[PDB]
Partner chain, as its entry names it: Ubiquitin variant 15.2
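Quick heads-up: it's one chain on its own, the form deposited without its partner chain, in structure tokens.
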């Protein structure tokens, strides 16, 4: 075709999930814009021991420039997949993709060792800000800017009443599934206090001993692009998760009381059809130039209506924060 971004991807074999993942990333406007304006050359990290000397970021840039040139109805991501395979010899490809891009473009030249401190008695605000600052001392890139948020973990040990509060970064949110359910039900279930199994207990440093310490997670800060992975694999759970296309307001789940509005509009959806033993991934994506929705099935690109987006096939959701929309301003 002749419109940039309406470009499919040939199936190199099975390459599970990679094409739909690339389409989700391709239709993440700030990421694609960063690559198309050649802002990535300045930031290529050539001797990061955790990176590919820039080869992942370079191959992704070439692929994205091809997809948004308007010259192709579909291309092959063969060089990109080759580099990704060298970075990750082998599931959730997305974490490895985001990590490969991040390290290839990390502004930190040499990561310093940071001694972990527990929250002690300090306020959540102080400890969260400390953790975010420490993270940026080790990880600072366009991938952090777009995708990273901060979550809280509270572990309470019944043996010695010890409470361990830690704040940790994330680049996507894996949600448990609660029969039809709403997305907010999955978020709510994500933040509920749980009892760790005997198969997965906590090593209490005060006790030098593992056992059933309660664990509860909380969202501290949410990124410009919130990636929400619905945990359908542990047989495959096909529950219809009803999620909004527009105006997802996350503020009720944020425990940072000085946080911003965090309202989101959906931009992409990774679908899976079948089960693990037999399955295929596709994607819905909103095109950044005309605002319409499209369906990407490898090389095939076609028009879509919002009627088709919310289905039980929905597997990963890409949301963009309304205050980060390019060329748009809220009051």
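Take the two forms, find the largest set of C-alpha atoms that superpose within 1.5 Å, and that set is the rigid core. Positions refer to the first chain, counted from 1.
Omitted here: the form deposited with its partner chain bound. The next part is about that form.
Contact check for residue 278: every heavy atom lies farther than 4.5 Å from its partner chain in the deposited complex. Taking non-hydrogen atoms only, residue 115 approaches its partner chain to within 4.5 angstroms in the deposited complex. Put simply, residue 232 is far from its partner chain in the deposited complex: not one heavy atom of it is within 4.5 Å. Using a 4.5 angstroms threshold between heavy atoms, residue 96 counts as touching its partner chain in the deposited complex. Between its partner chain and the residues 236, 138, 195, 182, the one pair within 4.5 Å by heavy atoms in the deposited complex involves 138.
This chain lacks the partner; the member of 71, 111, 78, 107 within 4.5 angstroms of its partner chain in the deposited complex by a non-hydrogen atom is 111.
Shown here without its partner chain, the chain has 49, 50 in 44 to 68 lying with a heavy atom within 4.5 Å of that partner in the deposited complex. Only one entry in 229, 210, 162, 135 has its C-alpha moved by 2 angstroms or more between this form and the one not shown when the rigid core is superposed, and that entry is 210.
Core-aligned CA deviation for residue 291 between this form and the one not shown: less than 2 Å. After superposition on the rigid core, the Cα of residue 275 moves by 2 Å or more between this form and the one not shown. In comparison with the shown form, the Cα-Cα distance of residue 278 and residue 100 decreases by at least 3 angstroms in the deposited complex. Relative to this form, the distance between the C-alpha atoms of residue 24 and residue 276 is increased by at least 3 angstroms in the deposited complex.
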